[PDB]
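Form deposited in one PDB entry, single chain, as structure tokens, below.
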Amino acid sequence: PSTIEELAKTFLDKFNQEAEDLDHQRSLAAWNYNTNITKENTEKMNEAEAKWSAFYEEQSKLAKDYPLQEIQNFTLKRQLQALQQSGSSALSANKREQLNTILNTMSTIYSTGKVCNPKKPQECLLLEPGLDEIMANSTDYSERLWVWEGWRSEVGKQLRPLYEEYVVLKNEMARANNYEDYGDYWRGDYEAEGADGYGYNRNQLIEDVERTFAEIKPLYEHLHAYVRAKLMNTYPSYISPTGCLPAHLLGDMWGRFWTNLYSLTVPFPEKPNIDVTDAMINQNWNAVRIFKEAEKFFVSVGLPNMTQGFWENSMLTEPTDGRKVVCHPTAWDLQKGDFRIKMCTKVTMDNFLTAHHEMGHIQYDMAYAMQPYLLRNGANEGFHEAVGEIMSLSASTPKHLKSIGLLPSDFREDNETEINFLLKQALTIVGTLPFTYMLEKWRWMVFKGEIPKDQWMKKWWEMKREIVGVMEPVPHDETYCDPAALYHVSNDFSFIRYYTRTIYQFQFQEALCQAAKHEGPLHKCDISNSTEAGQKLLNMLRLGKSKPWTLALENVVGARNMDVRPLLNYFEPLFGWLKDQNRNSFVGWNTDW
């Protein structure tokens, strides 16, 4: 009669239907909220999230009744695996009863956290709008230090017990879903099977991360030296020319991005940086024109143009009707050919670039819409934001800026502003790579139970010093939970995406800028007008999750795994400048204070 695979194909044919219908209703609900804030619409969004959850859990149980080992078309196997491999909620309802409340408890702490200036204890400030500013705009060692320690104390020490329980429960859920720890579970997202050598094993992710970081270390070391040296001139009496960097003295509340150390690290301050914002202002551009120029970019490579739903239903400019709105750039796929973008766009160069990034998302969304629902997503958690960044890299090149008509045709690329730009790039892109690798390595080890709680923070900072070159301002006992002082950690999110995403793009860029027969420094290419780039790219964007992410990558870059060489290339100009500048300095950090 009818095999397990045949029955399951039908099963998926039905799920897809009920899934896309109920997702489209959730999506429309969430739109009505994010774009118009009302108690009513908030309620309705929660209601639809409830119906959606119910549906997904029931279907996941039903999916587990079709034994995967009897399903044999790898495409179907991937869909079933996704549907049945959902069991974060697969243990005592009591576990889910309160051990979801601790999760909720954590977020509420992080969201309501308030630390008071010891000099003005009356002046207690929140993180989101009152401390993040200090940590980005202040040069006062003492001010920055009271903010840093106040946060890690008031909040981290509270979150410490919660995080401990969180670990034991999440490890139980993992073990339940046949995964060694919450670590193995999260590293599932990279697991793949199919064809020959196109498969990927969760136990390789560690290798490849480590391997690639090994190759980035030189670059980072030099950036570190250079930043240190400049920082010494701002914070002398605090920085050893040979040690690590104090954690509060970096760009933000964590050393996540060294982006806001530019004023303190600018290579040639006299030379200003290309800011088309004035051009756009004078040329009386508006939001629609930004997005229309974006659309042209994608059309010129051979990608489609935005749907009409896109223009009709998108929030492209903060509303004047009074509606309260979440002003954060998002790119929506509401599952029925309804694609949209929610962005309080303003006439500025940044918004211009991010419009190209977000439409990059929409373009991915549109390209895989020919795939079954469960396969409608980027090959892994890195691909989407890699694609978005590709767009923003081409859009910003001085070449592209001229062709658009925002530069002056006779613009000159002095090797000095090139260096300024490549530094700022490094300060965000390269800087976060160490931080990101360490943070996930600490979490992975904790989940594997290789860091006994008695030595949790003792390794946290130990590792910070060895890998990130950062040292703790004051010493912290095991009453602290500094890693939980990050939205991602205390709010239960994978962080390794941010690392892999980065290695992935430069591969992509070197591959598409290689098809456009671009000659010269990779940091200066615009894939514009290149249909060969367009095709190379589209022929993977369509795949979605339907083939193993290794295959998708190979189709574009020509390789099956992370290769840091394109990244290194993208920065090779900056790298040589840095090496000279640190010739008569020490590069490296003595691990200890």
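We call the rigid core the largest set of C-alpha positions that still match within 1.5 Å between the two forms. Start at 1 and count along the sequence shown; that's the residue number.
The same protein has a further form, the form deposited in another entry, not shown here; the description that follows concerns it.
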Conformational change between this form and the one not shown, one of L245, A294, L423, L439, C-alpha moving 2 Å or more after core fit = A294
Core-aligned C-alpha movement of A50 between this form and the one not shown reaching 2 Å | yes
For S490, is the C-alpha shift between this form and the one not shown 2 Å or more after core superposition?
-> no
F15: with the rigid core matched between this form and the one not shown, does its Cα shift 2 Å or more?
-> yes
